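These numbers come from the heavy atoms of this one structure, side chains and all, not from hydrogens, waters or symmetry mates. Positions are given from 1, in the same order as the sequence printed here.
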Amino acid sequence: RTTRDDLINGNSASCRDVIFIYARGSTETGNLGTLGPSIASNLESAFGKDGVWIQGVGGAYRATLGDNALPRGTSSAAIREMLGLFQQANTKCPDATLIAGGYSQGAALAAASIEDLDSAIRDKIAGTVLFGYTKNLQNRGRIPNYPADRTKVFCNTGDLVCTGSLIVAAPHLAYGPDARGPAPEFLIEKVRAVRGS
């Protein structure tokens, strides 16, 4: 359940209405890690298995712990990978609504990619969820160039990465309940806000 490549594998003649692009945390497995599968199962319940495509950021994004210390909180090669997935979604399925998320290094990766993304494409991302956002203090709880109303940050009390450090303490590992409930709830609401139901 930790690898989903629905966008890469998906038929362009049978596009999903909703495409979710997710970046995992440092040292996590597959391309969805620990929190992505819980988000994915809740999105599939809301939109149906053919209504949503789940795509993790794999390829050149190796989720290397040491890359947290680089200027943007991840590597340039990882940013290029996630940018290329947003570009693939826009080309393959131009009428799909996009949603995004990330955890830890993956939250820095999502923020950096969304910042650098061409606005035609960025403006199709109806909502973004960030868990354990390592650039939370530096970016003042925002993704640069992206509206606050479409952003939801989950930053636990005592998660030191949310207050400008790179120390991993116990509250950084405690986002499971958010991934099961509030995070897919937010993403579903932001998709329905623009698409109806």
Side-chain angles (χ1 to χ4, degrees), residues 2 4-7 18-28 30-40 43 52-65 67-90 96-119 121-155 159 161-162 166 172 175 178-179 182-184 186-187 190-191:
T2 44
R4 289 291 288 274
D5 289 296
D6 295 352
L7 168 64
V18 184
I19 300 170
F20 180 55
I21 303 175
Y22 179 82
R24 73 197 188 278
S26 298
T27 327
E28 294 198 318
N31 62 12
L32 296 179
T34 58
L35 304 177
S38 294
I39 302 166
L43 297 173
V52 55
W53 281 352
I54 308 297
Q55 177 64 58
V57 183
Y61 180 38
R62 291 294 88 237
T64 294
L65 186 65
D67 291 348
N68 279 330
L70 295 177
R72 306 186 76 185
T74 190
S75 65
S76 300
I79 297 170
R80 260 38 60 160
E81 187 74 40
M82 188 169 195
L83 285 170
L85 291 167
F86 281 120
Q87 295 171 345
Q88 289 182 71
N90 183 68
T97 302
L98 306 174
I99 34 169
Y103 171 43
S104 192
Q105 183 175 168
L109 175 54
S113 306
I114 293 174
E115 180 173 16
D116 291 359
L117 186 58
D118 187 286
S119 51
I121 297 182
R122 172 173 52 238
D123 291 342
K124 297 179 184 189
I125 310 172
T128 300
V129 295
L130 301 173
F131 305 92
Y133 180 32
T134 54
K135 296 297 193 191
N136 181 62
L137 180 50
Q138 298 90 332
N139 286 336
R140 305 278 133 58
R142 293 292 295 275
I143 295 170
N145 303 322
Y146 188 71
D149 63 286
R150 294 189 177 194
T151 304
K152 190 165 181 74
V153 178
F154 294 96
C155 259
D159 185 352
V161 314
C162 294
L166 284 171
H172 193 57
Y175 292 104
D178 293 317
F186 179 79
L187 297 168
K190 294 300 173 183
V191 171

Closest heavy-atom pair, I19 versus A89, reported as atoms and distance to 0.1 Å, is CD1-CB, 4.0 Å

Check whether any side-chain heavy atom of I99 lies under 4.5 Å from a side-chain heavy atom of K190, and answer yes or no.
-> no

Indicate the atoms forming the closest heavy-atom contact of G58 with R24, along with that distance.
-> CA-NH1, 4.5 Å

Measure across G56 and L85 and return the closest heavy-atom pair with its distance rounded to 0.1 Å.
-> O-CD1, 3.8 Å

To the nearest 0.5 Å, atom CG of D5 lies from atom CH2 of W53 at 12.0 Å

State the CD-CZ distance between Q87 and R80, to the nearest 0.5 angstrom.
-> 10.5 Å

Verdict with supporting geometry, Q55 and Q88, side-chain contact (heavy atoms from CB on, under 4.5 Å) = CA-CA 11 Å; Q55 177 64 58; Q88 289 182 71; over 6 Å; no

Which distance, rounded to the nearest 0.5 Å, do you find between the CZ of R122 and the CG of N145?
-> 4.5 Å

Separation between CG (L83) and CG (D116), nearest 0.5 Å, reads 6.0 Å

Is any side-chain heavy atom of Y61 less than 4.5 Å from a side-chain heavy atom of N31?
-> no

Test side-chain contact (heavy atoms from CB on, under 4.5 Å) applied to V18 and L43, step by step | CA-CA 9 Å; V18 184; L43 297 173; over 6 Å; no

Over-ring placement of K152 relative to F154, 6.0 Å and 45° cut-offs | yes

Could you tell me which non-hydrogen atom of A60 sits nearest to which non-hydrogen atom of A77, and how far apart they are?
-> CB-O, 3.9 Å

Does a side-chain heavy-atom distance below 4.5 Å link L109 with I79?
-> yes

CG on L130 to OH on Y103, rounded to 0.5 Å | 13.0 Å

Using atom types as modelled and distance alone, determine if a side-chain donor or acceptor of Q105 lies under 3.5 Å from a backbone N or O of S26.
-> no

Any idea which heavy atoms bring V129 and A183 closest together, and the distance?
-> CG1-O, 4.0 Å

Inter-residue atom distance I125.CD1 - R150.CZ, 0.5 Å rounding | 9.0 Å

Before giving the answer on side-chain contact (heavy atoms from CB on, under 4.5 Å), spell out for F86 and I114 the whole-Å C-alpha distance, their side-chain angles and the decisive distance to 0.1 Å.
-> CA-CA 9 Å; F86 281 120; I114 293 174; 4.2 Å; yes

Heavy-atom check, side chain of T64 versus side chain of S75, under 4.5 Å = no

Residue that, paired with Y133, satisfies side-chain contact (heavy atoms from CB on, under 4.5 Å) out of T151, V153, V161 | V153

Heavy-atom closest pair, residues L32 and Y22 | O-CE2, 3.3 Å

